[PDB]
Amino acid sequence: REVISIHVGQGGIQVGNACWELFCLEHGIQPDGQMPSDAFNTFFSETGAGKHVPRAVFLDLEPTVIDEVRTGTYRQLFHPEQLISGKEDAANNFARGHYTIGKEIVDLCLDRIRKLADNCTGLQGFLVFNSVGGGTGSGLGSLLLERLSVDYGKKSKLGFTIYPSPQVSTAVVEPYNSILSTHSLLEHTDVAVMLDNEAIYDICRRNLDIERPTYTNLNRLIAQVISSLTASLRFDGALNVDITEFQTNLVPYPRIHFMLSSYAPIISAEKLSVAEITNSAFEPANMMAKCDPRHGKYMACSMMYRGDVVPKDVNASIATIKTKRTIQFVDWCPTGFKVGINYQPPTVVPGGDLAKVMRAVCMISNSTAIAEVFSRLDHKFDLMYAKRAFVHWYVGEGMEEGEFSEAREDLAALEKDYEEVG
């Protein structure tokens, strides 16, 4: 049952850098690939010489970010064939990544992915890491999704997808790339987890009291969420044990598959109970996407506890929350609430920001409230598109103007979908 991770563009690669750092620490793998002391083989191959190698490719249209991997702490961990770089990037232009520039490297990318799959006894699916606000993660990422849907037709695809914020933005065209990407994700992923930089940045500023956070701060928090959500893939567990179970547990209607996640407790290393962390998991302040899940309804909710967590205490906290009635599920929905406990507590990253804790919880849910995130980006899109601002940059890089309205319409349909479910 192996899982192959695909990391595209800067955001996808640097979140990948944080995830693989934590995966190695959790499985006791050194940056050398050695393991001094089965489940973790879903994410790592093993060589004759005892090297444990991530089942992953890092893909970018420029070499800067990839070079830092090639020369950094984990230069011995990846095979060089796993690390692919172009010469000129997509310049924040979805069209460049998807058409004129991405077309020249996608076959090379699919051959390196095919080398990974050829070393899989029973490949079960892909994890695809990228941002939507740039040009490479958005455009080459979507092109790779289209090709993987044709070449690996029977394999599930789960996105870990970074959405943009004004606070860490270098491109005015982010709303365009965001909508074009989301149109791709609607058709070519089974599940997508929204990593909204607006919310994550604010958590670092507030809960972690970091005055102006770095990508490393944001990424180390993201890695703890992604580690919690993939814990059942890499260890023996009983909830979300394969990629396909994410769809079955979380997705009652095929295209409504964008997930709101949370983590508790989120506390700084300077200087709580099952009931307390369970309440915190339903609070806006702990959500990885900027919305109020009290204003919406839940189609699905999976709670994945980690550490010193007694099942009776989980049941009591949930009982109490149900009586409080602020948290509402869609009546008769074919999905719902599920709970899982892994009895290992979260792993501490050296030099991280998060305090060591004996128990934690990570929620992944399907909530109508996530429409707020799309609605804000759709409004920004609409203001610019009404004047066709910047559109020529996309049309000149191989995209037909019709793809703008197609994507927007897809997003309009998704927004109405959330409204009707509510």
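Numbering starts at 1 and follows the sequence shown.
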Original post:
According to the PDB entry, how many deposited residues between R325 and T326 are absent from the model (none, 1 to 3, 4 to 9, 10 or more)?
Top reply: none
**OP:** Indicate whether the chain is continuous between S37 and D38 or, if not, how many deposited residues are absent from the coordinates: none, 1 to 3, 4 to 9, or 10 or more.
**Re:** 4 to 9
Subject >> Greater mean Cα temperature factor according to the PDB record, 178-186 or 147-155 >> reply: 147-155
Subject >> Selected stretch [higher average CA B-factor]: 196-204 or 325-333 >> reply: 325-333
**OP:** Tell me which of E397, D60, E68, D378 tops the list for C-alpha B factor in the record.
**Re:** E68
Subject >> Selection by C-alpha B-factor (highest) of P166, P350, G133, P265 >> reply: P350
**OP:** Using the B-factors in the PDB entry, rank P284's C-alpha atom against the chain and give the third, lowest, middle or highest.
**Re:** middle
Original post:
Mind checking which third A386 falls in for C-alpha B-factor across the chain?
Top reply: middle
Original post:
Lowest, middle or highest third: where is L110 by Cα B-factor in its chain?
Top reply: middle
Subject >> Record-listed C-alpha B factor of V361: chain third >> reply: lowest
Original post:
C-alpha B factor of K290, ranked within the chain: lowest, middle or highest third?
Top reply: lowest
